[PDB]
Amino acid sequence: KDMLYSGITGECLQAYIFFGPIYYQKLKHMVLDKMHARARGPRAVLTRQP
Amino acid sequence: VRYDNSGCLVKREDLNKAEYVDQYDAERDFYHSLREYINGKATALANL
Amino acid sequence: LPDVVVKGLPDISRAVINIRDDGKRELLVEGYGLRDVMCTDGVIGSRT
Amino acid sequence: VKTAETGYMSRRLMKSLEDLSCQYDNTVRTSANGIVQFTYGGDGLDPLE
Amino acid sequence: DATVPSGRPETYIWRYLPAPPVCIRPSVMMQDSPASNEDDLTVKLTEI
Amino acid sequence: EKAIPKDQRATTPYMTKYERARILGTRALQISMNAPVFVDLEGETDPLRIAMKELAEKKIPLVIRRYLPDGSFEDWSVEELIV
Amino acid sequence: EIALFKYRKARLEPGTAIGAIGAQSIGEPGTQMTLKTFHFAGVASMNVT
Amino acid sequence: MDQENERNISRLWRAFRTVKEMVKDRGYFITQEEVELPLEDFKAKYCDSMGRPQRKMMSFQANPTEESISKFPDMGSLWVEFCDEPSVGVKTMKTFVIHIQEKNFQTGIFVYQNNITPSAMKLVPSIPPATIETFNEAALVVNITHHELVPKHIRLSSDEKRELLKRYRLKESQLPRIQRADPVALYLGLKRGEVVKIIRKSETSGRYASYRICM
Amino acid sequence: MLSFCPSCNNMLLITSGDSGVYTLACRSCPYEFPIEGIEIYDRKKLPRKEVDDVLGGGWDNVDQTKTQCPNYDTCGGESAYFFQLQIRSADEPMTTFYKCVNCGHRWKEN
RNA sequence: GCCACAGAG
DNA sequence: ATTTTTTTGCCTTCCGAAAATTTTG
DNA sequence: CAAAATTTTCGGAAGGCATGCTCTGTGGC
Ligand SMILES: [Zn+2]
Ligand SMILES: [Zn+2]
């Protein structure tokens, strides 16, 4: 638990902060492949629905 | 006002019988509870 | 022959006597004969 | 695994309960104008309120 | 109900089969062959 | 002949949330089709906010026809309904 | 005045789809329910479902 | 001896008490003192000298009260009868129907002991103006209307039914329904088209009234 | 009845026969065993589990009564331990359990 | 287009 | 022309077979 | 009284449904 100064106001934080290296993994799910929007577009030949 | 199943007024001697229960009784019950609560406050003041 | 029922109700799997919190005893059974239980003498039929 | 049965339970409950509504005379009726309850819950009070 | 002309038992036996419009059984577009696949209803209609 | 007279009205005099929503939608649809407004709109352009302003001080020309289940109806002026 | 206003606004408003509300208010706790083992009033041989 | 005699006598006595309460609840004139008839007086009155139940002695007739005939002008006397045969066929059922028709009773309550043949269940609507209700002694050991689960059912007259239909402005097919051969409907003897008011006790509000129609 | 034919170790069955007398006969080989004047029985002793005397232990430090036991031809005891118990409905008499002090053979009445 | 598995909450 | 299964529970309708009851001789 | 017709009761098999709700990919016919 380290003692950290906050970068916004500069003062000492009133609680010690658990500070250290953790191994993080970047997962394959990214928002660039997930965002979608339609408005009007193609329709099915049978039911004439999107 | 409490009406019997026939459709006329109900006597005061038998206002609280089972067969004369109407749809308004809940409302009446609410009012009774309301009065009771106020009465309780008054009773407390009287005791003081 | 030794698998016939000579006494009791044919659908009651088993019966236990439970002592409740207040200390009084109730008889609770596993089965489908409600009418035969509440018609059995010693059992209050109006509270079963 | 609980979601698989819970979804079917919810679908059945709604397909049996969708048509009911509170009419303007405070009587809950089906879509075929038949009474289920004369007053909602015995006192006609909204659980939300 | 026999008050309408179509309310007869013999209506419920297949004599005339109404061939559906092709707009509800459309031919699927090609994938890897110049020919186009047909719906199962059209094939069954030809078999009938 | 199915109209209940104004004196013998029995339905509650409080405007329900569904009546408020339908009134706002109808008035916004009317305003979006170039209907005149009865408020001093302060640069507002969206019809829905103009409809809310019209309901705010009860300057809206509609009435609500409540159907009882038997068939008789009951006409309530929107300015009469309490909100 | 406050009590009467709270009572008069607590009534079920006409037109409410109260059947759908009840169907959802029964189905959703079924989703929230976890499956546990219960027994009938302090005896371990019952295991009432 | 004990098991075959005393238990049967007690069961028949409780069934008789339940039948008396059922007839009293329909509005027929039965005094209050007659329904808590103790086992000693029951043995001294309706039982044999050697200790047998004489079910022919305990059959009786009931007449309507002035209040019941005031509310229901079409109500007439009934005849309740207990059968001695273990299983009733068609001969004794036809005899009971013939007796009911001959003595001109509006209705008759038949109480069989073990079982009734299906051929006799289709013979009960034989009389056009009169109706026949069949009960079981085992089903009458305990009263169902005194159960804590069953609330108060009160059948309504034709005037009260019309008043209810006018108050809620609806046709009789739109009411909630209660079947005939339902236990409470059998207890009160509802016919088709009769409307019963039910006093429900809910912890949320208190006491509130619901209505059902026999079908 | 589980018995086997000693000639071929096949199962033995009982047939009426033309004479109407039962015999242990084998349907495979020519063997019979008449049972005229001979008893055969296959006893299946069902298991017996211990049961607690639900009325035992209740006849201790209780009042006595002068009631003759039903086995008068074997003994003539008079004093018997008696007590009352309600095992029935509340509108019918509360039963009495009483046991003779000399011959046992406990019995009850209403 | 139809199937087939693979994952996301 | 040898020859595996690969979830688990609940529900109504049908349909002989046997049992129960009445009905003819 | 017991033979014959009618009706009811009782099984095992034959059907059907459920086996979430949405969404994103690939690979092979
Ligand atoms: Zn042999
Ligand atoms: Zn003795």
Side-chain angles (χ1 to χ4, degrees), chain F residues 1-32 35 47-83, chain G:
Chain F
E1 69 271 15
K2 304 194 302 302
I4 301 299
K6 189 187 168 78
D7 293 331
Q8 313 298 326
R9 283 186 304 191
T11 300
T12 180
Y14 291 66
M15 182 179 72
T16 76
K17 56 189 85 177
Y18 311 98
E19 288 168 354
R20 194 189 219 269
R22 180 79 179 277
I23 279 297
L24 259 65
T26 285
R27 188 65 193 154
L29 184 51
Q30 283 184 359
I31 287 169
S32 79
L48 186 51
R49 275 92 72 89
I50 308 174
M52 302 183 162
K53 273 182 64 57
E54 285 192 32
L55 193 75
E57 69 275 16
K58 299 180 177 295
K59 284 286 180 57
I60 186 166
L62 295 166
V63 309
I64 295 290
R65 183 160 289 178
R66 306 173 145 164
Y67 288 166
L68 277 296
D70 56 354
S72 300
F73 58 88
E74 182 175 357
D75 273 1
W76 282 86
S77 183
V78 167
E79 61 86 20
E80 172 187 11
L81 287 170
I82 297 169
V83 60
Chain G
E1 153 178 358
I2 282 163
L4 295 177
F5 182 75
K6 295 287 181 59
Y7 184 62
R8 270 193 227 111
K9 88 183 294 189
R11 301 186 201 273
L12 191 63
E13 281 184 0
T16 310
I18 197 59
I21 290 177
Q24 287 169 354
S25 305
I26 295 154
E28 195 268 332
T31 311
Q32 288 182 8
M33 270 167 186
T34 66
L35 279 71
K36 293 187 286 185
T37 300
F38 287 104
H39 57 276
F40 207 80
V43 288
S45 293
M46 293 288 87
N47 296 120
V48 56
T49 61

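We use all heavy atoms of the structure for the numbers below, so side chains are in, but hydrogens, waters and symmetry mates are not. Sequence lines set the chain letters: A, B, ... in the order given, protein chains first and strands last, and positions in each chain run from 1.
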Give the C-alpha distance, both sets of side-chain angles, the deciding distance and a yes or no for side chain to side chain contact (heavy atoms under 4.5 Å, CB included) between G:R8 and F:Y14. CA-CA 9 Å; G:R8 270 193 227 111; F:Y14 291 66; 4.1 Å; yes

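Heavy-atom proximity under 4.5 angstrom to chain F picks out nothing from residues 31-49 of chain G. Applying a 4.5 Å heavy-atom cutoff, the residues of residues 15-30 of chain G that approach chain F are G:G15, G:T16, G:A17.
Neither the backbone nor the side chain of G:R11 comes within less than 4.5 Å of any heavy atom of chain F.
By the 6.0 Å contact criterion, NZ on F:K59 is open, its count of non-hydrogen atoms from other residues, nucleotides or ligands being 12 or less. Counting heavy atoms of neighbouring residues, nucleotides and ligands inside a 6.0 Å radius, atom CZ of F:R22 does not exceed 12 of them.
Note: F:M15 CE to G:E13 CD = 9.5 Å, rounded to the nearest 0.5 Å.
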